[PDB]
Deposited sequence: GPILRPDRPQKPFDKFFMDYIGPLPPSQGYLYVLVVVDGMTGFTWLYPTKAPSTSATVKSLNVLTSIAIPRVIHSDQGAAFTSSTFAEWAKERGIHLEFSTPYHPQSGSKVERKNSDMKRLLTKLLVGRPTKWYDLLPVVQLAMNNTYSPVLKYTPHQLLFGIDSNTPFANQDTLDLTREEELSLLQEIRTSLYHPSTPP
């Protein structure tokens, strides 16, 4: 299994409106557990296409898994997916623990963002950062080092703090580091 092999995709929201954004598109790499978080104004197909255009600038996934929300089962999205040889796979009642982690993550994510009603847009990058750079007892590593190579030139100076200075950021990093698993 490669990285960028299979994406797990879902929306959280509606959240308190931080700077005209209400939702977050949560994309999770199946192999690495690396999470990309995209703020959106609506859980639309257009918003999803915009977000995934940016993500798929890096690599085109083999499979994208989502529930059967309107944004994902629209024909526009199917067309978008077909155009680039992406196969969409949907949550059904009958086809196959990965979800258990994603559910728990999406729950923490919602708690973190709802709790910062005014600033969550601004701190969204901090949340992704802290999450992808927190250690997993199942992965033996962090999602970041799994994506960017285990022994690789790390883009961080203080692993204690991940180069976060302000107390909003630190209290956030704490909460994630502690509550994640």
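According to the record, the deposited residues with no C-alpha atom in the structure span 1 to 9, 106 to 109, 195 to 200.
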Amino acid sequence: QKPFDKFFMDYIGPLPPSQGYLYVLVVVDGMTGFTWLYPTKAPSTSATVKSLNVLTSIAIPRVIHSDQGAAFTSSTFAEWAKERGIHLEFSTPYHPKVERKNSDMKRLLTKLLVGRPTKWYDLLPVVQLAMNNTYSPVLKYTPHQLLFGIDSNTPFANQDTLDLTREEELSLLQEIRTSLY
From here on, numbers count along this sequence of modelled residues.
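Just going by the entry, 27 to 35 versus 136 to 144 on mean CA temperature factor gives the higher value to 136 to 144. When 36 to 44 is weighed against 55 to 63, 55 to 63 comes out higher, by mean CA B-factor as recorded in the entry. Per the PDB entry, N153 shows the highest C-alpha temperature factor of the residues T118, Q68, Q128, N153.
Among the modelled residues of the chain, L162 sits in the highest third by CA temperature factor in this PDB entry. The deposited CA B-factor of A81 belongs to the middle third of values across its chain. Per-chain ranking of the deposited C-alpha B factor places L109 in the lowest third. Sorting the modelled residues of the chain by their CA temperature factor places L22 in the lowest third.
When the modelled residues of the chain are ordered by their C-alpha B factor, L170 lands in the highest third.
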